[PDB]
*Asks:* 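Here's a structure for you.
Computation of the quantities below employed the complete heavy-atom set of this structure, encompassing side-chain atoms and omitting hydrogens, waters and symmetry-equivalent molecules. Every chain is numbered from 1 and lettered A, B, ... according to where its sequence line falls, protein lines coming before strand lines.
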Amino acid sequence: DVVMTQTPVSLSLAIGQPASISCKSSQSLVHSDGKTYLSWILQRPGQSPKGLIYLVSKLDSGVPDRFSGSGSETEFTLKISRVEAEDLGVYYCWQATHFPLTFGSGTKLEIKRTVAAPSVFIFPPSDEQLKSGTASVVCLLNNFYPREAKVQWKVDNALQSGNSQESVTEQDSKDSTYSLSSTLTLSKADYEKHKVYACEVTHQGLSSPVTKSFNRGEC
Amino acid sequence: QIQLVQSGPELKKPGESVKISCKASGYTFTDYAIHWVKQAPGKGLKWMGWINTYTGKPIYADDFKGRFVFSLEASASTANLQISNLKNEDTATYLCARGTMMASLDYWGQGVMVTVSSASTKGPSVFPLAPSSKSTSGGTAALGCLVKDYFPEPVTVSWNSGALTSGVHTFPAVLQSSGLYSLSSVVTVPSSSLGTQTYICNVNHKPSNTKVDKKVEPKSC
Amino acid sequence: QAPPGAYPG
């Protein structure tokens, strides 16, 4: 199989900055018919790939002309003249000169943007869940940058360990932010035993931690 | 418009067989190759081979000879992938793609996520995340749905049957102690029209036949 | 329909 190596593994570029990604093949992609069957695709967050380039430098129909490809025998580059918010995702070169067709290791493009502190929300358990005898409390950190953030759960001022899970979104294709959800899960009985539920958020956009809280049973 | 739409089951046991369908529309089916591509959840892309849509002749990459059969239903503009004797390593998203002679893979199907597990499916509970005084800022309200305790991935979440897409965040699932998943889906809306607008989360978990529409309305008392 | 690398040699 032809090995397709891509560098960098990832890069973070500001809107309007130029982009250059390299792709190296373990053998010449110049076929005996004179054509070079190197192509590029993009896969944006959670979606199926889209074709961008074929025959080294030919733009697929509808692909913006900010994109171009160059190269020769074993070295190829994809270039973006001006990066836009929607260019984020994983770029793969791939070849079809030699059997079998092979895909590169992929380069992930992140958008660099200004620091944005999270908006912090909390949701008590629904009456529906309480009736089933479990209590999930959800802490939402909306539209922040950069991606790194810290959430701590506090119940009547007591730092919780071992009863929470969190995930972060992929980067937003429009405002270039991230969002994060944390869930604290207690038995209804354990929930019943305490009053104050708080999530405490630390982020580069904040000069002190932001506490979002409620008192169990206070409409 | 040119689209490839796939379907198939998302959960199978080791030893079982699965059929994954790729339906073409908006173009001449027989003028373009269909390529089959395996994507390991996390990892890159592995070419399985292709099927000539004119002659029906399949060509297999070496690692996909034996248990993998590419076929056509030419009059339904559909390419079919059959994997038999399913193994641990077959857990992946299976993609179809339209191919040209000049080696464009221009248009791709949305893929089918197949989990190979001896463990049984569990359908999610769907709880509302009610908009309240604790989920509002700057005249905006956050609301959503908690989709708790399901297996396997994936679950699809839409809002107002697809009519609401702006300000939606559907978070990656977390794996609980139990080996069951949970995810959050939230949307930010005007706080002023909470009395006049209706917000329904549409939760689909195919493996458990789960189809829930949950109206999310203000906290109240 | 297919580029040369789609055919085994």
*Asks:* Can A/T177 and A/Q171 be counted as having a side-chain donor-acceptor contact under 3.5 angstrom?
*Replies:*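 A/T177 vs A/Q171: no donor-acceptor pair found between side chains.
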
*Asks:* Within the 3.5 Å criterion, strictly below it, is a donor on A/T77 or A/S22 matched to an acceptor on the partner's side chain?
*Replies:*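 Distance-only check fails for A/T77 and A/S22.
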
*Asks:* Calculate, to the nearest 0.5 Å, the distance between atoms CD and OG1 belonging to A/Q165 and A/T183 respectively.
*Replies:*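 Those atoms lie 7.5 Å apart.
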
*Asks:* Would you kindly say whether A/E86 and A/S173 are connected by a side-chain donor-acceptor distance under 3.5 Å?
*Replies:*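 There is no such pair between these side chains.
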
*Asks:* Going from CG on A/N143 to NZ on A/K174, what distance comes out if it is rounded to the nearest 0.5 angstrom?
*Replies:*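 Result: 11.0 Å between the selected atoms.
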
*Asks:* Could you name each residue pair satisfying side-chain hydrogen bond (donor to acceptor under 3.5 Å, both in side chains) that touches residues 5-19 of chain A, not counting sequence neighbours?
*Replies:*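 Non-adjacent pairs meeting side-chain hydrogen bond (donor to acceptor under 3.5 Å, both in side chains): A/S12-A/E110.
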
*Asks:* Only pairs under 3.5 Å, no angle test: what donor-acceptor pairs are there between chain A and chain C?
*Replies:*
| unit_1 | atom_1 | unit_2 | atom_2 | d |
| --- | --- | --- | --- | --- |
| A/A96 | O | C/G5 | N | 2.9 |
| A/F99 | N | C/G5 | O | 3.4 |

